[PDB]
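This text opens with one protein chain seen in two forms, each one given by itself as structure tokens under the names structure 1 and structure 2.
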Structure 1
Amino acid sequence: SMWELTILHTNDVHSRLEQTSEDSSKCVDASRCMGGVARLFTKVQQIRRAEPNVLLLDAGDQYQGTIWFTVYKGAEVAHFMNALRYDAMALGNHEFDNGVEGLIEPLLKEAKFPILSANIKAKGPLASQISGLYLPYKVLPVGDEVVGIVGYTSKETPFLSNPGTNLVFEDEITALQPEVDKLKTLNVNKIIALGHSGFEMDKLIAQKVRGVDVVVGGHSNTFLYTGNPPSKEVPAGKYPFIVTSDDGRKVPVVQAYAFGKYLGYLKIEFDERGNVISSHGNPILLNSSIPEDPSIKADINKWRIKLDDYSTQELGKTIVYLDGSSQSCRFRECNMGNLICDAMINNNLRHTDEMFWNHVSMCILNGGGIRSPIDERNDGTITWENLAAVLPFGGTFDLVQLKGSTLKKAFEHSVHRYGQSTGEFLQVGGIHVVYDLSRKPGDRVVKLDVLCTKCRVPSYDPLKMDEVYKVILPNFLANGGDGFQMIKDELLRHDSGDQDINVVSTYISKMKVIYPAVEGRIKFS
């Protein structure tokens, strides 16, 4: 006997409730838009009507990304995941962005599906308060069988979000194995690991956690595909990606890029003892060929009414593509980063009363903080809604005084694990940096010139290790985020500045028409 299971999966949807452009920015030309929950619902139902055994799983980071989340604060997540009848969700790092209070009340209490993480352990007064609102696993009836779904969440959540001091994030593999072993003693012979630690950790789970049949992941925005890919995303490997486990088995690993653009689809043939005989599938592109379900669409447009205040006023105009995509902004100089750094610098010089920062000419900005492009076609209008998707996190652009030695180490940290699509890669203003990636980690910065301070005419001069420099940067970086521990520990002064989104909108309003270029601020030799 064989038993067939269809796994449908989303990850890193990031508040893209409505359909979007091809690059996940706002939908303008409806005929070429993609994703959104209403389209997803249609494709899910087509599969459900065709296959008997279907699970619809989310691998986390539903929270944060557009004005949907700014206004509704996770209540939209509960509502539309409930309407889609998700079977389970794993907690991502962004689910803790509004604290544990912003997780509990909006999402955990209102979800009609189990929410999972086996490596998150509650301590003190929070333990009884959150008890049973999330679970380490759920065992789900699927026709005549059961399927065990075990959850996990990135160990980096305390450095990326606001989980608070009364949660502990354990190692995934140490936390998962006892739960998986327990499930076997409970006669659960089919086990899916569902979680939010990235493709590299997903592969290690597949390899090391004995009993895991399939891994459904998130957090790295990993596109996997078998065959000719249907859009711009370049596959990192085949779908499914096959890990050869230490216990001698083939464990498929899946992810479905991000932003609800694709629906993950994996058909698994199990034997009677719960072992994978075979699996096949591919992410399904949610393009115009799949219609938006009318009922969901009507419900989305009902919730949309409150959001239209944010798209009323044109702040200004771009005449160039504002490339705020992760493929650009985490690997090389991107023009959206240049815009944000120039706005940071420009708006700080408005504050003429405060003398200590009134010539600040230097800027750093983590590429992973840039969260959407903006499109120039159809008259390139920029509203608050457009900006909210670029800069969703509600942080500030703060002022720090740093030694040149601290800054050189930050630029080394910027490319220490380069190639892995990590957020710590720095966009800059008033700095020209040259990297040589063939050199060893910690010695890749071959040139670092900065705008002078004690000079009448600003020019780019070599950074001196013993000099001191005034930089404008996100509070996330000032507070030691993205492993920038040298900044937090070595900084000499640190002042709070203005709110990030307000800074960029003011700049755009003043400039009216923007046209930021890639200029050679970051080069590679």
Structure 2
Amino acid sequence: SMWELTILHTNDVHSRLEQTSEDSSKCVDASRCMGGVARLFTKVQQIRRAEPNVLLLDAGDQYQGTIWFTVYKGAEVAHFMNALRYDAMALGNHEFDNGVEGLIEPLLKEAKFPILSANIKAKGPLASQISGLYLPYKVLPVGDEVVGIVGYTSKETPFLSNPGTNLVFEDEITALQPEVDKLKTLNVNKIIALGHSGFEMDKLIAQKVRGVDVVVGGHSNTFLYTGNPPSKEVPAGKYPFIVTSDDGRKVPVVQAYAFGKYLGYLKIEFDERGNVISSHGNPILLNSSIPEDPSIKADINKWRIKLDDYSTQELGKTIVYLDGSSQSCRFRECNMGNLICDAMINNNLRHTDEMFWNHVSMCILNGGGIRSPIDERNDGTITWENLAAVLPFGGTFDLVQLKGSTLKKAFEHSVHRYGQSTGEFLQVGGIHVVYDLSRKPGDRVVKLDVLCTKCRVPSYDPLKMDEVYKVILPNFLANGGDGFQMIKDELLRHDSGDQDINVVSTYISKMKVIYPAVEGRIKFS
């Protein structure tokens, strides 16, 4: 006899509580709009009516992405995940963005479902206040059977977030294996690994961790599809991706892109000993054909009223597509990156003396900090809400003083593991950089010219290693984020800076009509 489990899954929803446009920015024309929690509820309930054994899972990164999270700070996540009746959630890196206190009080205390992470260990005074609010695993009854769900979270979280000194992030495979063994001793033969470390780590967990039957993932925003994909997203593999484990088993691995646009849907046929016989399915595109649930929509509309206080009024126009996509901004020069850096430099114009045209000419911006495009095809209108999707973190753009050697090392770090779609890839202003990706990590920056400061005519000259340059960058990078530890450790000065969205808003308002280009700021030999 066979037992079929239906795994429903989301990952990297990123405050997209409402429905969105095709590129996950604000919904304009509702006929061509997608996702949101109300539409998700409808599809989940169809499948719960139709299929006997159903789990709705989240693989982290609900926190952070839109004005919803700016205002409600995770209370919206707790409320609407409770309304959808999620069966479990794994902690992502962005769940620690407002500290451990910003995780506990909004999300963990208000959640009426298990929140999971096995590789996070509390220390000192936190252990008491946090104990039981997150777990390493959960055994869940599904029909007659039980299904174990073991949690995991990225080891990189302290480089990406504010977990603080009282949490330790263990290796995933090291931490997961004891907990999966413990589930075997409790007669749990069906074990799902739900977590937030990326597709490559998902494949490694599937390969190495004995007992794990399915891996449900996030963080890398991985779209997988079997057959013709139903929208703009390009699949990185078949759904599910089959990893062959070290003990001979076929382990399906799944991810459901991002932004609540798709609902993941995998049907696993298990045998009586909890071995995967087969598995099939695809991520279901949550298009306008699927209606929003009236009661959830009405409740979204209630929480929406506070957000309509944000000004409707046009900040300015764009006549170009502002390419703030990850596929551009983490791999090459993107025009959204140029815009933001030009805005940053424009903000710091203080023409004080005859020697310098301006004291700062230079900008670096982590590409992973650019979180949305802005589409030009609604009369070119840019609103604050559109910019809030690009820059959702409530950060500042700060001035630092760096040695050229420190800057060189940052640009080496920018491409040290190029190809993985990680956020450390640097968008720039007043810097022309050339990479050679054939060369070894730490030796890929072949040309690095910078715009002169001590000059009346701005022009590009080679970066000198022992010269000190003033650079505008995000506070995230000033505090050593994205593994830019050389910046925090070697910086000579660090001033407080202006709020990130306001800087870019001011520039767009001053310029009125914008048309930023890709100009060869970043080249590859």
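In this text, rigid core is short for the largest set of C-alphas that superpose within 1.5 Å between two forms. For residue numbers, the reference is structure 1: its sequence is counted from 1.
For the set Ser278, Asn358, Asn275, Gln327, a Cα shift of at least 2 angstroms between the two structures, after rigid core superposition, holds for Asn358 and for no other residue. In the core-superposed comparison between the two structures, the CA atom of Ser288 travels 2.0 Å. Overlaying the rigid core between the two structures leaves the Cα of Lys190 displaced by 0.3 angstrom.
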